[PDB]
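Only one chain comes next, encoded as structure tokens, the form solved without uridine-5'-diphosphate.
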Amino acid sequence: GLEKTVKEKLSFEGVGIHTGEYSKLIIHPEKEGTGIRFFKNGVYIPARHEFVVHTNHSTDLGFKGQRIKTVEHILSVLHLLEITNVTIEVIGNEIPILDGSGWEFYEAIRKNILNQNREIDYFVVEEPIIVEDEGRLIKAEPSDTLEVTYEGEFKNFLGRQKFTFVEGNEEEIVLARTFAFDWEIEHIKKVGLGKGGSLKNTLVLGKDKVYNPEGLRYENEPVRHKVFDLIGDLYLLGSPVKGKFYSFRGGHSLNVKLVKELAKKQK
């Protein structure tokens, strides 16, 4: 399809899940060929793998001493809507988590799309590839359509679950929230993370319990969210992606490892 920007400036604000600080976003329209980039304290940070500085519990970007935490959800929404040219101005240190899903970003951006004059030059997976990390695995193969499967093997009541996104089913993953296991929270807080995490923005699960009074939005909400996360990390290739992906227990580190191998392959 055509390259796309936003019709007008779009604003979002709220707490960041990791920093726990309040931050504000301003999504600015941009001309054809600009690409997706962040802007903080006079510095432009392109939404590309070369700018990744952290991958543990979030994908973070940095350039010239300016850092932005948790870019995955906003990038996933922009990837799904095929917004190719925008500047995301960040007043703070992290993208707001909002309700833990991409819903608010998705709804506001989809109503404000401006089609542009050039076609999208997609990042097209040309051959099969596999990346691994001690049991964890991500594979990609050619496909005319973006298809993303995530399979989890949870150590609680959820057990094994699988979910596949295909083009046209964007609404099936944009409402799936970030999640956490109660036995892992102490470690996350000890490593200086999850400061803004709560039952208002995270689906919190125990061995046999759901902490959230509203419960799960879907029986497989965690794997739908993991698919949404991978689509965000795939946008670090610098263009909307065409390929069929399968992730078995993948995370941001393995997602970025795949992205860098795909980019190197196509140099």
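For every residue, the number given is its place in the sequence shown, counted from 1.
Although not depicted, the form solved in complex with uridine-5'-diphosphate is the subject of the following passage.
(message) Within 4.5 Å, heavy atoms only, which of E153, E89, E141, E167 is in contact with uridine-5'-diphosphate in the entry with it bound?
(response) None of the other options qualify; the answer is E153.
(request) Tell me, out of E184, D99, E126, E172, which residue has a non-hydrogen atom within 4.5 angstroms of uridine-5'-diphosphate in the entry with it bound. (result) After the contact test, the surviving option is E184.
(request) Report whether the minimum heavy atom distance between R118 and uridine-5'-diphosphate in the entry with it bound is within 4.5 Å. (result) Residue-level check for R118: no, no contact with uridine-5'-diphosphate.
(message) Is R110 part of the interface with uridine-5'-diphosphate in the entry with it bound - any heavy atom within 4.5 Å?
(response) No.
(message) So in the entry with it bound, is uridine-5'-diphosphate close enough to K24 to count as touching (4.5 Å, heavy atoms)?
(response) Judged by the heavy-atom cut-off of 4.5 Å, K24 is well away from uridine-5'-diphosphate in the entry with it bound.
(request) Indicate whether uridine-5'-diphosphate has at least one heavy atom within 4.5 Å of a heavy atom of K162 in the entry with it bound. (result) Result no; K162 lies far from uridine-5'-diphosphate in the entry with it bound.
(request) Would you mind picking out the stretch of 118-126, 144-152, 102-110, 78-86 that comes within 4.5 angstroms of uridine-5'-diphosphate in the entry with it bound, counting non-hydrogen atoms? (result) That would be 144-152.
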